[PDB]
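Asker: For reference, this is final_30.csv, and it has CSV, C-alpha atoms.
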```csv
chain,number,residue,atom,x,y,z
A,1,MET,CA,114.0,161.7,-37.0
A,2,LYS,CA,113.2,160.7,-33.5
A,3,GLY,CA,110.1,162.8,-33.0
A,4,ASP,CA,108.4,160.8,-35.8
A,5,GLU,CA,108.2,157.8,-33.5
A,6,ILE,CA,106.4,160.0,-31.0
A,7,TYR,CA,103.3,160.9,-33.1
A,8,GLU,CA,103.0,157.2,-33.9
A,9,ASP,CA,102.5,156.1,-30.3
A,10,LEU,CA,101.6,159.6,-28.8
A,11,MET,CA,98.5,159.3,-31.0
A,12,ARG,CA,96.3,156.4,-32.2
A,13,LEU,CA,98.3,155.7,-35.4
A,14,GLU,CA,101.0,153.0,-34.9
A,15,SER,CA,98.3,150.5,-34.0
A,16,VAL,CA,96.3,149.7,-37.2
A,17,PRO,CA,93.2,147.4,-36.8
A,18,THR,CA,92.9,145.6,-40.1
A,19,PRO,CA,89.2,145.4,-41.0
A,20,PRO,CA,87.4,143.7,-44.0
A,21,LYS,CA,89.1,145.6,-46.8
A,22,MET,CA,90.5,149.1,-46.4
A,23,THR,CA,93.2,149.8,-43.8
A,24,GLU,CA,95.0,152.8,-42.3
A,25,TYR,CA,97.9,151.5,-44.3
A,26,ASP,CA,96.2,153.3,-47.2
A,27,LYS,CA,97.2,156.5,-45.4
A,28,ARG,CA,99.8,156.8,-48.2
A,29,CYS,CA,96.8,157.9,-50.3
A,30,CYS,CA,94.9,159.6,-47.5
A,31,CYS,CA,98.1,161.7,-46.7
A,32,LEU,CA,96.2,164.9,-47.2
A,33,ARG,CA,93.3,163.9,-45.1
A,34,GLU,CA,95.9,162.6,-42.7
A,35,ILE,CA,97.5,166.1,-42.4
A,36,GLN,CA,94.2,167.3,-40.9
A,37,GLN,CA,93.1,164.1,-39.3
A,38,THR,CA,96.4,163.4,-37.4
A,39,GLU,CA,96.5,167.1,-36.4
A,40,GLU,CA,93.0,166.9,-35.0
A,41,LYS,CA,93.6,164.3,-32.4
A,42,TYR,CA,97.0,165.9,-31.6
A,43,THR,CA,95.1,169.2,-31.1
A,44,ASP,CA,93.1,167.5,-28.3
A,45,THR,CA,96.4,166.9,-26.4
A,46,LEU,CA,98.1,170.0,-27.7
A,47,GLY,CA,95.5,172.2,-25.8
A,48,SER,CA,95.5,169.8,-22.9
A,49,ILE,CA,98.9,171.3,-21.8
A,50,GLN,CA,97.2,174.7,-21.6
A,51,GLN,CA,95.0,174.1,-18.5
A,52,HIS,CA,95.1,170.3,-17.8
A,53,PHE,CA,98.8,170.5,-16.9
A,54,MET,CA,100.2,174.0,-16.3
A,55,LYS,CA,97.7,174.6,-13.5
A,56,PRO,CA,98.5,171.3,-11.7
A,57,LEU,CA,102.2,171.6,-12.6
A,58,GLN,CA,102.5,175.0,-10.9
A,59,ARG,CA,101.7,173.2,-7.7
A,60,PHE,CA,105.4,172.2,-7.5
A,61,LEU,CA,107.4,173.8,-10.4
A,62,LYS,CA,108.2,177.4,-9.6
A,63,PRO,CA,106.2,180.1,-11.5
A,64,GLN,CA,109.3,181.9,-12.8
A,65,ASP,CA,110.9,178.7,-14.1
A,66,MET,CA,107.5,177.3,-15.2
A,67,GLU,CA,107.7,179.8,-18.1
A,68,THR,CA,110.8,178.0,-19.3
A,69,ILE,CA,109.4,174.5,-18.9
A,70,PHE,CA,106.3,174.8,-21.1
A,71,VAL,CA,107.6,177.9,-23.0
A,72,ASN,CA,104.9,179.2,-25.4
A,73,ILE,CA,102.5,176.2,-25.4
A,74,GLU,CA,99.6,178.6,-25.0
A,75,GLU,CA,100.0,180.5,-28.2
A,76,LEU,CA,101.4,177.4,-29.9
A,77,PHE,CA,98.1,175.6,-29.2
A,78,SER,CA,96.6,178.0,-31.7
A,79,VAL,CA,99.0,177.1,-34.5
A,80,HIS,CA,97.5,173.6,-34.2
A,81,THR,CA,93.9,174.3,-33.6
A,82,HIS,CA,93.8,177.2,-36.1
A,83,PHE,CA,95.7,175.2,-38.7
A,84,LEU,CA,92.8,172.7,-38.9
A,85,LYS,CA,90.2,175.5,-39.0
A,86,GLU,CA,91.8,176.6,-42.3
A,87,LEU,CA,92.4,173.3,-44.0
A,88,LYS,CA,88.7,172.5,-43.3
A,89,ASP,CA,87.5,175.3,-45.6
A,90,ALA,CA,90.7,174.9,-47.7
A,91,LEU,CA,90.1,171.2,-48.4
A,92,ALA,CA,86.4,171.2,-48.9
A,93,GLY,CA,86.6,174.8,-50.3
A,94,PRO,CA,86.1,175.4,-54.0
A,95,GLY,CA,89.6,174.1,-54.6
A,96,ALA,CA,91.8,172.1,-52.3
A,97,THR,CA,94.8,173.1,-54.4
A,98,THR,CA,94.5,176.5,-52.6
A,99,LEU,CA,95.8,174.7,-49.5
A,100,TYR,CA,99.1,176.5,-50.3
A,101,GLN,CA,97.6,179.8,-49.2
A,102,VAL,CA,97.4,178.2,-45.7
A,103,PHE,CA,101.1,177.1,-45.8
A,104,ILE,CA,102.5,180.2,-47.3
A,105,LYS,CA,101.1,182.7,-44.7
A,106,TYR,CA,101.5,180.3,-41.7
A,107,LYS,CA,105.3,180.9,-41.7
A,108,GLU,CA,104.7,183.6,-39.1
A,109,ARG,CA,103.8,180.8,-36.6
A,110,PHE,CA,105.7,178.0,-38.2
A,111,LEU,CA,108.7,180.2,-37.5
A,112,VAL,CA,107.7,180.1,-33.8
A,113,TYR,CA,109.0,176.6,-34.0
A,114,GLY,CA,112.5,178.2,-34.3
A,115,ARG,CA,112.6,180.3,-31.1
A,116,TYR,CA,110.4,177.5,-29.6
A,117,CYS,CA,113.1,174.9,-30.1
A,118,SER,CA,115.5,177.4,-28.5
A,119,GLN,CA,113.9,177.4,-25.1
A,120,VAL,CA,112.3,174.1,-25.5
A,121,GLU,CA,115.7,172.3,-26.2
A,122,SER,CA,116.6,173.8,-22.8
A,123,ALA,CA,113.2,173.2,-21.2
A,124,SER,CA,112.8,169.5,-22.0
A,125,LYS,CA,116.3,169.1,-20.7
A,126,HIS,CA,115.4,170.8,-17.4
A,127,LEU,CA,112.5,168.4,-16.7
A,128,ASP,CA,115.0,165.5,-16.9
A,129,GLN,CA,116.8,167.1,-13.9
A,130,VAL,CA,113.7,168.6,-12.2
A,131,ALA,CA,111.7,165.3,-12.1
A,132,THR,CA,114.7,163.4,-10.8
A,133,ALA,CA,115.4,166.2,-8.4
A,134,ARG,CA,112.0,166.7,-6.8
A,135,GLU,CA,110.2,163.4,-6.4
A,136,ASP,CA,107.0,165.4,-6.0
A,137,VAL,CA,107.4,166.3,-9.6
A,138,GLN,CA,108.3,162.8,-11.0
A,139,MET,CA,105.0,161.4,-9.7
A,140,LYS,CA,103.2,164.5,-10.8
A,141,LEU,CA,104.1,164.3,-14.5
A,142,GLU,CA,103.1,160.6,-14.3
A,143,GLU,CA,99.5,161.3,-13.2
A,144,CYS,CA,99.2,164.8,-14.7
A,145,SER,CA,100.2,163.3,-18.0
A,146,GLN,CA,97.8,160.4,-17.5
A,147,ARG,CA,95.3,162.6,-19.3
A,148,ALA,CA,97.5,162.7,-22.4
A,149,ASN,CA,99.9,159.8,-22.1
A,150,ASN,CA,100.9,158.0,-18.8
A,151,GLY,CA,104.5,159.1,-18.7
A,152,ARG,CA,105.0,158.2,-22.3
A,153,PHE,CA,105.9,161.5,-24.0
A,154,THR,CA,105.2,164.0,-21.3
A,155,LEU,CA,106.4,167.6,-21.9
A,156,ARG,CA,110.1,166.6,-22.3
A,157,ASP,CA,108.9,164.5,-25.3
A,158,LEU,CA,105.9,166.7,-26.1
A,159,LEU,CA,107.3,170.2,-26.7
A,160,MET,CA,110.0,168.4,-28.8
A,161,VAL,CA,107.3,166.8,-31.0
A,162,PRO,CA,106.5,170.0,-33.1
A,163,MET,CA,110.2,170.0,-34.0
A,164,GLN,CA,109.4,167.3,-36.5
A,165,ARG,CA,106.1,168.8,-37.7
A,166,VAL,CA,107.5,171.8,-39.6
A,167,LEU,CA,110.0,169.3,-41.2
A,168,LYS,CA,107.6,166.5,-42.2
A,169,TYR,CA,105.2,169.3,-43.2
A,170,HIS,CA,106.9,170.3,-46.4
A,171,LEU,CA,108.2,166.8,-46.8
A,172,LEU,CA,104.7,165.2,-46.6
A,173,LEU,CA,103.4,168.0,-48.8
A,174,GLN,CA,105.9,166.7,-51.4
A,175,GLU,CA,104.4,163.2,-51.3
A,176,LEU,CA,101.3,164.8,-52.8
A,177,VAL,CA,102.9,166.9,-55.5
A,178,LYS,CA,104.8,163.8,-56.6
A,179,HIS,CA,101.5,161.7,-56.4
A,180,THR,CA,99.0,164.4,-57.4
A,181,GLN,CA,98.1,164.4,-61.0
A,182,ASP,CA,95.9,167.5,-61.1
A,183,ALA,CA,95.7,170.7,-63.1
A,184,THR,CA,96.6,173.5,-60.6
A,185,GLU,CA,97.2,171.3,-57.5
A,186,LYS,CA,100.2,169.5,-58.9
A,187,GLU,CA,101.6,172.9,-59.7
A,188,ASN,CA,100.3,175.4,-57.1
A,189,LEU,CA,100.9,172.8,-54.4
A,190,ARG,CA,104.6,173.1,-55.3
A,191,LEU,CA,104.5,176.8,-54.3
A,192,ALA,CA,103.6,175.6,-50.8
A,193,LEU,CA,106.8,173.4,-50.8
A,194,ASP,CA,109.1,176.3,-51.5
A,195,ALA,CA,107.6,178.3,-48.6
A,196,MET,CA,107.4,175.4,-46.0
A,197,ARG,CA,110.8,174.0,-47.1
A,198,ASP,CA,112.1,177.5,-46.5
A,199,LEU,CA,111.6,177.1,-42.8
A,200,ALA,CA,113.5,173.7,-42.5
A,201,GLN,CA,116.6,175.7,-43.1
A,202,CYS,CA,115.6,178.6,-40.8
A,203,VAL,CA,114.2,176.5,-38.0
A,204,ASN,CA,117.3,174.2,-37.9
A,205,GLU,CA,119.6,177.2,-38.0
A,206,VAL,CA,119.3,179.3,-34.8
A,207,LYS,CA,122.4,181.3,-34.0
A,208,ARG,CA,124.6,178.3,-34.3
```
As a first step, turn the structure in this file into structure tokens.
Answerer:
Amino acid sequence: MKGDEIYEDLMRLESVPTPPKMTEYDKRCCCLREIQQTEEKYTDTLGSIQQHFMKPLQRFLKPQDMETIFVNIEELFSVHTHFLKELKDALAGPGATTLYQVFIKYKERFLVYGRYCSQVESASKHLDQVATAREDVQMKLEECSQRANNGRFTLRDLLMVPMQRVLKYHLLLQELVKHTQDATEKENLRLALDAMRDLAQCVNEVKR
């Protein structure tokens, strides 16, 4: 809901330079290519939190608490980088319709979003206090994030981003099945929905 607005600005998307015929607005048709394209750029920033952040961040934020701030960004960076590594061969592969195989077995990690949103929801909340608490941190996140987004969606808004992914995932995937007149795709692609959609109810249902 709110996270959607993030990806828009967080990544070169919201702004669409209208050229002589053909415009990003066509994304509605490129949706598929968008799944990988959008993920790509995001991956660049997704991994940025790995080194270009945690290291400089530790300069102020305690080591013990630091584990709660970022959470599992490290292993989470794979879910993004690896995801594209699959779609690449899945899309260009003998049959794009097989993309499902990439969505059916990814639950393992896509589920991470669950426990992730459990410490995250508490982590992002901590930053709000931490930053305001230690000025040394407030200014840090500003510059440290300058590499990703000058205090626009830093951590507090970042770790929360993926919370919309898993959701829009199956959702977007539906836009295709409903607008994909193929032989196996229109069908098999549906199988991916059942799986992905299966998380939306597990991810948004943690304990209580």
Asker: Determine, counting only C-alpha atoms, which protein, DNA and RNA residues have an atom within 12 Å of an atom of stretch 38-41 of chain A; residues of the same chain fewer than 3 positions away are not included. Present the result as a PyMOL selection string.
Answerer: chain A and resi 7-14+24+27+30-35+44-48+77-85+87-88+148+162+165+169
Asker: Just give me the gap between atom CA of residue A:182 and atom CA of residue A:92 in Å, one decimal is fine.
Answerer: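 Between atom CA of residue A:182 and atom CA of residue A:92 the gap works out to 15.9 Å.
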Asker: Select, from A:96, A:131, A:102, A:29, the residue with the minimum atom-to-atom distance to residue A:172, counting all atoms listed in the file.
Answerer: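 The answer is A:29, which sits nearest to residue A:172.
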Asker: Between A:137, A:200, A:206, A:90, single out the one closest to residue A:166, counting all atoms listed in the file.
Answerer: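 Of the candidates, the smallest distance to residue A:166 is held by A:200.
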Asker: Taking 4 positions as the minimum chain separation for residues in the same chain, which residues sit within 8 Å of residue A:69 when counting all atoms listed in the file? Answer as a PDB file with C-alpha atoms, in the frame of the given file.
Answerer:
```pdb
ATOM      1  CA  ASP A  65     110.900 178.700 -14.100  1.00  0.00           C
ATOM      2  CA  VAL A 120     112.300 174.100 -25.500  1.00  0.00           C
ATOM      3  CA  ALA A 123     113.200 173.200 -21.200  1.00  0.00           C
ATOM      4  CA  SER A 124     112.800 169.500 -22.000  1.00  0.00           C
ATOM      5  CA  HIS A 126     115.400 170.800 -17.400  1.00  0.00           C
ATOM      6  CA  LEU A 127     112.500 168.400 -16.700  1.00  0.00           C
TER       7      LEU A 127
END
```
Asker: Taking all atoms listed in the file into account, which of A:140, A:158, A:190, A:152 comes nearest residue A:55?
Answerer: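 So, comparing all the options, the nearest one is A:140.
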Asker: Do a neighbour search on residue A:189 at 8 Å with all atoms listed in the file, toss out local chain neighbours closer than 4 positions, and write the hits as a ChimeraX atom specification.
Answerer: /A:97-100,173,177,184-185,193
Asker: I'd like the neighbourhood of residue A:195 as a PyMOL selection string, where a residue qualifies if any of its atoms comes within 12 Å (using only C-alpha atoms), though same-chain residues fewer than 6 positions away should be ignored.
Answerer: chain A and resi 100-108+110-111+166-167+169-171+173+188-189+201-202
Asker: Which distance in Å separates atom CA of residue A:118 and atom CA of residue A:71, to one decimal?
Answerer: 9.6 Å
Asker: So, with only C-alpha atoms as the atoms that count, which of A:86, A:5, A:26, A:157 lies closest to residue A:70?
Answerer: A:157
Asker: Provide the atom CA of residue A:160 to atom CA of residue A:130 distance in Å, to one decimal place.
Answerer: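 According to the coordinates, atom CA of residue A:160 and atom CA of residue A:130 are separated by 17.0 Å.
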Asker: Nearest residue to residue A:54 out of A:76, A:144, A:139, A:16, using all atoms listed in the file?
Answerer: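 Closest residue, counting all atoms listed in the file: A:144.
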Asker: Neighbouring residues of residue A:56 were defined as those with any atom within 10 Å, considering all atoms listed in the file; residues of the same chain fewer than 3 positions away were excluded. Please report them as a list in words.
Answerer: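 Close residues of residue A:56: residues 51, 52, 53, 59, 60, 61, 140, 141 and 144 of chain A.
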